[PDB]
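Asker: Let me begin by handing over the structure; questions about it come next.
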Amino acid sequence: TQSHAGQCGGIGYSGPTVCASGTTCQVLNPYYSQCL
Ligand SMILES: *[C@H]1O[C@H](CO)[C@@H](O)[C@H](O)[C@@H]1O
């Protein structure tokens, strides 16, 4: 479960793209997305 400030789901990330409750996967860069 991706936590706040962690990379939730950008290109290159094949891991679990689900953020912890309270946060949303905010894609900033195409490869860097962060749970906010
Ligand atoms: C999940 O992890 C983030 C850091 O990656 C923390 O800021 C958050 O409070 C939670 O422990």
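We number chain A the way Swiss-Prot does; in order, the residues shown are 478-513.
So this one's solution NMR, going by the header.
Each residue, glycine too, has its Cβ placed from N, Cα and C.
Pulled the feature table from Swiss-Prot, pasting it below:
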- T478: O-linked glycosylation site (CARBOHYD)
- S480: O-linked glycosylation site (CARBOHYD)
- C485-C502: disulfide bond (DISULFID)
- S491: O-linked glycosylation site (CARBOHYD)
- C496-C512: disulfide bond (DISULFID)
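Quick one: where do these features end up spatially?
Answerer: Secondary structure from DSSP puts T478 (O-linked glycosylation site) in coil. Neighbour list (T478 (O-linked glycosylation site), Cβ cut-off 8 Å, at least 6 residues apart, same chain): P493, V495, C496, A497.
Listed in sequence order, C496, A497, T500, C512 are the same-chain residues at least 6 apart in sequence whose CB falls under 8 Å from the CB of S480 (O-linked glycosylation site).
For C502 (disulfide bond), other Cβ atoms within 10 Å of its Cβ number 17.
Listed in sequence order, the same-chain residues six or more apart from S491 (O-linked glycosylation site) with CB atoms under 8 A from its CB number zero; the list is none. Taken residue by residue with DSSP, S491 (O-linked glycosylation site) is part of neither helix nor strand, so it is coil.
Neighbour density for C512 (disulfide bond): within 10 A of its CB lie 21 other CB atoms from the protein chains shown.
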Asker: For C485 (disulfide bond), which residues of its chain lie six or more apart in sequence with Cβ-Cβ distance below 8 Å?
Answerer: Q479, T494, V495, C496, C502, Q503, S510, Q511, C512
Asker: Return the members of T478, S480, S491, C496, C502, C512 (the recorded positions) with CB less than 6 angstroms from at least one atom of ligand 1, or none.
Answerer: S480
